[PDB]
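Novice:
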Amino acid sequence: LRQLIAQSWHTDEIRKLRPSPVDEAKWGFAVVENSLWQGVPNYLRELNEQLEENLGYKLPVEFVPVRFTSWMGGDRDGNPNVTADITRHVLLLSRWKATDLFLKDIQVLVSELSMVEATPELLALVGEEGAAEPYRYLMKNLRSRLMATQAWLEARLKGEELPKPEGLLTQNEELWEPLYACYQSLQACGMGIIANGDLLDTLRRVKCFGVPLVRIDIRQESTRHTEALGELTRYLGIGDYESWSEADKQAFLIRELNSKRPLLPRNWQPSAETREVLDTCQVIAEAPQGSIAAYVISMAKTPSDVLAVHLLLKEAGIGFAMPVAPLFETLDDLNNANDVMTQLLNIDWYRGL
Amino acid sequence: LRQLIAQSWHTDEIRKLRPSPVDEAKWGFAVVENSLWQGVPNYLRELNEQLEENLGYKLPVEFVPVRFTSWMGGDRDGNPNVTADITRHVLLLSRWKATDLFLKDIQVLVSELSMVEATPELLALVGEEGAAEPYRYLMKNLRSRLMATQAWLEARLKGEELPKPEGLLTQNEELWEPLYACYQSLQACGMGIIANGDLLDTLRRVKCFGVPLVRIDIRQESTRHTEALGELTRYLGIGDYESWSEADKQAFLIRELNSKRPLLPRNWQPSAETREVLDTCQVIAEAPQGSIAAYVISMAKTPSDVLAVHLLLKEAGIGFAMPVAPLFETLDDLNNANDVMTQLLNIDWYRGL
Amino acid sequence: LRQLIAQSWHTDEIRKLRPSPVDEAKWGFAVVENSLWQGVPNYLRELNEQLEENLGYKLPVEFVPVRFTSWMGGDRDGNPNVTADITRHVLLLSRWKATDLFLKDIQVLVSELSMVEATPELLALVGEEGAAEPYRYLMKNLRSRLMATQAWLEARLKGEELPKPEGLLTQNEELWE
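Protein sequences appear in the order of chains A, A' and A''. A prime marks a further copy of an entry chain.
Under the deposited numbering, the first sequence is numbered contiguously, ending at residue 530.
Under the deposited numbering, the second sequence is numbered contiguously, ending at residue 530.
Under the deposited numbering, the third sequence is numbered contiguously, ending at residue 354.
#1: Is DSSP giving A':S475 helix, strand or coil here?
#2: Under a Cβ-count criterion, where at least 16 other Cβ atoms within 10 Å of its own Cβ denotes burial, should A:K384 be classed as buried or exposed?
#3: Thinking C-beta only, is A:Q397 closer than 7 Å to A:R253?
#4: I'd like to confirm the pairing. Which residues does DSSP put opposite A':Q397 in its beta bridges?
#5: Closer than 7 Å by beta-carbon distance: list the chain A residues that pair up with A':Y412, in chain order.
#6: Is the CB of A':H266 under 7 Å away from at least one CB in chain A''?
#7: Whose C-alpha, out of A':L221, A':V267, A':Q184, A':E230, is nearest the C-alpha of A':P198?
#8: Taking the runs of the alpha helix (DSSP H) that are 4 residues or longer, which of them lie wholly in the region 413-450 of chain A'?
#9: Run down chain A' in chain order and give the residues with a C-beta less than 8 Å from the C-beta of A'':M324.
#10: Helix, strand or coil for A:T276 per DSSP?
#11: Where A':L302 and A':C359 are concerned, what is the direct C-alpha to C-alpha distance, given to the nearest angstrom?
#12: Could you please tell me which residues of the region 439-456 of chain A, in chain order, have their CB closer than 9 Å to any CB of chain A'?
#13: For A':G374, count neighbouring Cβ atoms within 10 angstroms of its own Cβ and tell me buried if that reaches 16, exposed if not.
#14: DSSP on A:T264, reduced to helix/strand/coil?
#15: Starting from the Cα of A':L323, find the closest Cα among A':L521, A':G336, A':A405, A':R272 and give me that residue.
#16: Along chain A', which residues have their Cβ under 9 Å away from the Cβ of A:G407?
#17: From A'':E337 to A'':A328, what does the alpha carbon distance come to, in whole angstroms?
#18: List the residues of chain A' that A:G304 touches, going by C-beta distances under 9 Å, in chain order.
#19: Any residues in the region 245-265 of chain A' with a beta carbon nearer than 7 Å to a beta carbon of chain A? Which ones, in chain order?
#20: If you measure beta-carbon to beta-carbon, which residues of the region 277-296 of chain A'' are closer than 7 Å to chain A'?
#21: Near A:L376, which residues of its chain fall below 8 Å by C-beta distance, leaving aside the five closest residues on each side in sequence?
#22: Would you mind listing the beta strand (DSSP E) stretches within the region 488-520 of chain A that are 3+ residues and don't spill past its ends, in chain order?
#23: Ordered along the chain, which non-local residues of its own chain (more than five positions away) have a Cβ less than 6 Å from that of A:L339?
#24: Determine, for A':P198, whether the minimum Cβ-Cβ distance to residues of chain A falls below 7 Å.
#25: Measuring CB to CB, does residue 532 of chain A' end up less than 7 Å from A':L441?
#26: Please give the ranges of any alpha helix (DSSP H) in the region 332-392 of chain A, keeping only runs that are unbroken, at least 4 residues long and fully inside the region.
#27: Can you tell me which of A:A470, A:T276, A:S468, A:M292 puts its alpha carbon nearest to the alpha carbon of A:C366?
#28: Out of curiosity, what's the CA-to-CA distance linking A:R195 and A:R443?
#29: List the endpoints of the continuous alpha helix (DSSP H) containing A'':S185.
#30: In the structure shown, what three-state DSSP assignment does A':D254 receive?
#31: What in chain A is Cβ-close to A':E338, meaning under 9 Å?
#32: Assuming A':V209 contacts A':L380 under a Cβ cut-off of 8 Å, what Cβ separation, rounded to an integer in Å, is found between them?
#33: Quick one: which chain A'' residues come within Cβ less than 8 Å of A':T379?
#34: Could you pull out every residue in the same chain whose Cβ sits closer than 8 Å to the Cβ of A'':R320, ignoring the five residues on either side in sequence?
#35: Give the secondary structure of A':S247 by DSSP, where H, G and I count as helix, E and B as strand, and everything else as coil.
#36: Check the C-beta distance from A':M499 over to A':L490 and give it rounded, since I have them as a contact under 8 Å.
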């Protein structure tokens, strides 16, 4: 205890400079491995135990009701330092850290799960060369898989381009598949005490953290979206979005959201601010599905604020549903919140989105 | 002579299979190094000598009135085997062969051009570490430059992606600059006999062949362009290009050629044929400027046939002027040729293009 | 002819420093490729032709009565500059140059020797995958063999140690076979 205290007194490095988004992101990673990594599985362990003892049943293994997300590297509201590049960087860095922590988890299983008796099905996934040690087999392919992506990430993180490997991991499903199989087997062949041990923990960390480690939200103010769209419309000669009434904006947005003809020019040199709005959306469309959880709109006031973002995400190439949430942070906006949503829900197209 | 004849009698491998465009392209390369490489400089040498002897003056060194182009890998008229990929491949292969032949040329200069006396200006380009052997210096940087691009090409030719090097050569100007400098110097410091020797030859091979070795033309029939455009318009709900009168087509094309809003959908799954028409244009836009000499349109009949291609090249990202030539290959078309061109030249926009 | 003469007049670099044994060795290599390489085979060609025409018989193919040796890098008599290292270096350099010149020779054969009909025995050495082009086959293994040793030599010549390859050539018998 005396050394620990002494260390805190002599090892104190006050920041000389303002922290960057990447530093704040790393700070979040430290919280994950030093507390959340063990904390979530322990809470889930106790939750079930209390459910069965009082209610008479546990929750299915596949059910993990907890998820952790972050704003570090995603929230760019009034923060010019959070650029599309920083976000892109932070996204790779999270994936990298995820392989670091999962690697440790897998190393354990590769040592403990040495049992030989396994169910027929599992015996198939491994087949020949994997009948000697079925479980130990799958876990080693997972470790090779992980070291592969980690290796790639470290390269991309240094600014080095390189053809992505074969076993590159990008979806939690890829981690859950083999681990869940081992679990299923051990449970059947009479080894539940083992399955519900370290395996159950890693399995839960997959659905709570997964490949991205901690998903992130993107948040930007409605104004920036409006200004970028107005610049886009003026360039095309369509008119000035910034000066159209709410009705005209809605008309324009619904028309272009249903349009199959692109709107965004291929070779365009927009202003700095507008470009950031456009690049950020490009990062969202490129990042593996499951990396970004939601897109929050600060200062949301009208229905068009919500539709605007859906349009930009569309012209970005987004290939899936992206939760877009309005942020009402004003007395007036909060009072109108309900009207704004009522109007949105009355737009049949928006309901189907 | 007896061995040579005997060789022809025992070394005869009749093609078992039909030749691919890449083979025909290689055949063209064989003509270049075994005859054109020496032939052009010798003809240019004699041309000047006769000009001065009879007219009393030679043509400026920078004036090389001869250029060689090829259709192998470019002409896809009625030839399904010439795909966008083959063309892309043949383009790299030509660049590669160009470095092979220029490498030999440069090796010579690196040996012969050892003189020390050089003009002040040249002494600058080399500066320190290059004053000992100014000429021998520049030529070695050119050789390093060449081996660099050649190395890269060999990688791309094998289907291996890799960050392009620094001294990558893509423009004849990059080869002409240093060589012409050496020439200028040697001429001033009283060494014209040397300058107008092997140097003058390589200098001429630069403007006649250059980096691409032999430029190529792309040729496709008007029909394919029409069918791809009709598919594009029907997909967008604009209408059916294939069924519009000549007037309507011209109207549509002139409108979209002046438009700043893209027309080509980002994520589109068109038919095989239409896709080939679109990819070919993408190859033209990606290839270094100076790789493709002209785009020929077989079966040209109307003004819209010419404008159609200009539109596709525009939606491809072409960043420069591309000679588009109509091909009148019919009695009727030849009789209308003049009217068709008169109408084209009456379109002010087309005149400025 | 005028350019050739002019070149000799402007391209003259008198040695500033005394030549090293390695330079004298390279000079010898220049004599080999620019004159001896063609000269020996031409002399042997004429020798046989005259033997048969006057005596009535040619010498067996395996009989090559000419050999060239050198002292550059070997003679250290009263020459302190020829050390054990220089000799070791010159030895690698010769081997290297040998692969360079033989490489050119082999490239030719890989192009001309395309005939298909071959004797049973030869068909064996090539076997499967080599029946299509028996001769063209062996010559390509020889080229791979050569580029292998050449690659190794270039490494050793730069002072870089490295496990010697598999098809490393060290005996004329390996080329002759």
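Beta carbons are placed, not taken as given, at the ideal position from N, Cα and C, and that holds for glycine.
Specialist: Quick look at the numbers:
#1: A':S475 falls in the strand class under three-state DSSP.
#2: Around the beta carbon of A:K384, a 10 Å sphere encloses 16 or more other beta carbons of the protein chains shown; the residue is thus reported as buried.
#3: Closer than 7 Å, so yes.
#4: A':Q397 is bridged to A':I474.
#5: Going along chain A in sequence order, the residues near A':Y412 (Cβ under 7 Å) are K437.
#6: For A':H266, the answer is no, since every Cβ of chain A'' falls outside 7 Å of its Cβ.
#7: Among A':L221, A':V267, A':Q184, A':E230, the Cα nearest to that of A':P198 belongs to A':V267.
#8: Considered as a whole, the region 413-450 of chain A' harbours 423-435 as its complete alpha helix (DSSP H) runs of no fewer than 4 residues, in chain order.
#9: Simply none; closest approach about 15 Å.
#10: In this structure, A:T276 counts as helix in the three-state DSSP scheme.
#11: Distance from the CA atom of A':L302 to the CA atom of A':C359, rounded to whole angstroms, is 10 Å.
#12: Correct list: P439, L440, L441, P442, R443, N444, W445.
#13: Buried: at least 16 other Cβ atoms inside 10 Å.
#14: If DSSP states are grouped into helix, strand and coil, A:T264 belongs with the helices.
#15: The shortest Cα separation from A':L323 among A':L521, A':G336, A':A405, A':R272 belongs to A':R272.
#16: By Cβ distance, chain A' contributes nothing, its closest Cβ being about 16 Å from A:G407, past 9 Å.
#17: A'':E337 and A'':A328 have their C-alpha atoms some 11 Å from each other.
#18: Near A:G304 there are no residues of chain A' at all, since even the closest Cβ is about 31 Å away, more than 9 Å.
#19: Flagged: no residues at all.
#20: The region 277-296 of chain A'' vs chain A', Cβ under 7 Å: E289, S291, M292.
#21: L286, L290, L356, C359, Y360, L363.
#22: DSSP runs (the beta strand (DSSP E)) wholly in the region 488-520 of chain A: 501-503.
#23: Excluding the 5 residues flanking it on each side, A:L339 has same chain C-beta neighbours closer than 6 Å at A332, in chain order.
#24: Judged by the 7 Å Cβ criterion, A':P198 is not in contact with chain A.
#25: Only positions 178 to 530 of chain A' appear in the structure, and residue 532 of chain A' is not among them; the question remains open.
#26: The qualifying runs are 349-365, 377-385.
#27: Of all alpha-carbon atoms in A:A470, A:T276, A:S468, A:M292, the one lying nearest the alpha-carbon of A:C366 is that of A:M292.
#28: Rounded to the nearest whole angstrom, the CA to CA distance from A:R195 to A:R443 is 37 Å.
#29: Element bounds for A'':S185: 179-187.
#30: A':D254: coil per DSSP, three-state reduction.
#31: What A':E338 touches in chain A: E338, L339, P340.
#32: Between A':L380 and A':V209 the Cβ distance is about 17 Å, and since that is not below 8 Å, they are no contact.
#33: Those do not exist, as A':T379 stays about 14 Å from chain A'' at its closest Cβ, beyond 8 Å.
#34: Contacts found: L280, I283, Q284, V287.
#35: A':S247 falls in the strand class under three-state DSSP.
#36: Yes, A':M499 and A':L490 are in contact; Cβ-Cβ is about 6 Å, under 8 Å.
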